[PDB]
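So this first bit is one chain, no partners, the form deposited in one PDB entry, shown in structure tokens.
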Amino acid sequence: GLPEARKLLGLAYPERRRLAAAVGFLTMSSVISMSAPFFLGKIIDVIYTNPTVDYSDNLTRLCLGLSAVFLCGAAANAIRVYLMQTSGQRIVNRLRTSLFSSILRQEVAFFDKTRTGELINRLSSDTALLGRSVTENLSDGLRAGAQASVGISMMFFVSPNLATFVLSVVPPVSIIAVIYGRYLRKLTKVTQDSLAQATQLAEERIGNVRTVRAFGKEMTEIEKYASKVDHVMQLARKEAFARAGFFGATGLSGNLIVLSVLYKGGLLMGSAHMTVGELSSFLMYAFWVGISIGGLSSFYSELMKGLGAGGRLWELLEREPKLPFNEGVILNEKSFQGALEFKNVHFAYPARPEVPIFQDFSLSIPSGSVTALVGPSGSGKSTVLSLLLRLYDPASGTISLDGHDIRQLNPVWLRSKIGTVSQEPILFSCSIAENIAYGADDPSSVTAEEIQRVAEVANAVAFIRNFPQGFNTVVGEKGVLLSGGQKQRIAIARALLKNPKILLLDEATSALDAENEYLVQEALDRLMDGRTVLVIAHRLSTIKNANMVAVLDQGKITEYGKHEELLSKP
């Protein structure tokens, strides 16, 4: 309501001087324009009164004068439109940057409960709506509002009898038409509800054609759908009958209302209360009020749509992340060794809080050691990485870095010290070089020599240069699809460029081939060297060579020790 309009006020505020200039051009053009029916009525009565008089010179002067008025009106409109559009574009730009900045500051839990599609609809559609609502739509309502105001005033000035008549007739007709319109909307909802059901059934059955086939139900589904769409046709016929009636009734009413004005006006002329010019003026103003009422109606719908968008954008713009974005301490070179400690950690994902991942999880990972995490569910093991990068906070317990609770540190800084290599790595739809550069604190500051060096160590340089575009080859989803081994080696190149003291590896037991597996293992060994390594082990070789082995069973470290001492225990 009142604080909503206050937010729309401040939104247009940085552009107040452009919008004021444009409103000034809009007022000038709209009010000068409103004078034409009045002056046309005077000319109509002049021709009527004097049919024997030569009007060539007046006409030539008037048409030369009107040319000049039209050139001015065109210049004023050009300026007004440019000022309005550019004002909106600046507002939408400020909405895009502000909205994107807030979204990326939110905790992972927020993304867990919010769909990417909805956030993109807010960044696309809602920013467009909100931007034009305080500009184009505000100008549109302002013109229509002034033109109904001037029009109605001019109808009463031209003839207080005919204006009072129109004002007594239109409202009852408009009220009845609104009630008929609301009925027609309900018959439309009934049809579109039924059509939505049929389309959802169709979508489900196409999407699960393998299950449909498997049970020999293609013919059944075809007949089911045919029954649903035959019922839609039944509803659509009822709707069509009500729509035909409405268009007939509103059309007749519109025509008869105009006819009544021509008839009452015709009689007022005969009785000398009015001239033909005066009636012409009245009808032009009445028609202009009609259009202006339409304009105010369209302005109200777009204002409500823009306020709807406004509520959705102020929701994210004002959202305070439930986890700090760039806040906390940084450790010095002397104190940062890369030792990690889990102490009585309890955790369940925000989306599935009913499923406990950790239940009193304690694990001590000393500096420069290789600790192999072993256990049943990989969901539990993979969650360790998420908590170490503080994507989430434990429900209970603490995670410490060199004795410091990771909550007391700058999360951006914490993450710069912890590198990761996934079973299935994520590469953005940009060049290989940009993807590798991403590892650096400053990816625009990396040299081609640094990118090439880590690409050699990661055993990635040969397949990259074997691309026609080389390091300029656009990868990701929207680009060139890479093999699992190729994606992993670029992930290792990125890790090497990051150069973290702590490394978290998730071993890929799902897929690896004779050619890739060798060059990936060789690169992973070079990467693992001189770093605190936490590895979700699947390969027997990494478990035997690891300094320690941790058994994760039902979200707790049940057994911990060297691989050999673990075989002789149970």
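We call the rigid core whatever largest set of C-alpha positions still superposes within 1.5 Å between the two forms. Start at 1 and count along the sequence shown; that's the residue number.
One more form of this protein should be noted, the form deposited in another entry, which is absent from this view; the next part is about it.
Asks: At a threshold of 2 angstroms on the CA positions, core aligned, which residue out of 452, 367, 188, 86 shifts between the shown form and the other one?
Replies: Going through each option, the one that shifts is 188.
Asks: Compare the position of the CA of residue 121 between the shown form and the other one after a rigid core fit and state whether the shift reaches 2 Å.
Replies: For residue 121, whose C-alpha is compared between the shown form and the other one after core superposition, the shift is less than 2 Å.
Asks: Taking the rigid core as the frame, does residue 204 move its C-alpha by 2 Å or more between the shown form and the other one?
Replies: The answer is yes, as the C-alpha of residue 204 shifts between the shown form and the other one by 2 Å or more after core alignment.
Asks: Please say whether, between the shown form and the other one, the C-alpha of residue 220 moves by 2 Å or more once the core is aligned.
Replies: Yes: residue 220 shifts by at least 2 Å between the shown form and the other one.
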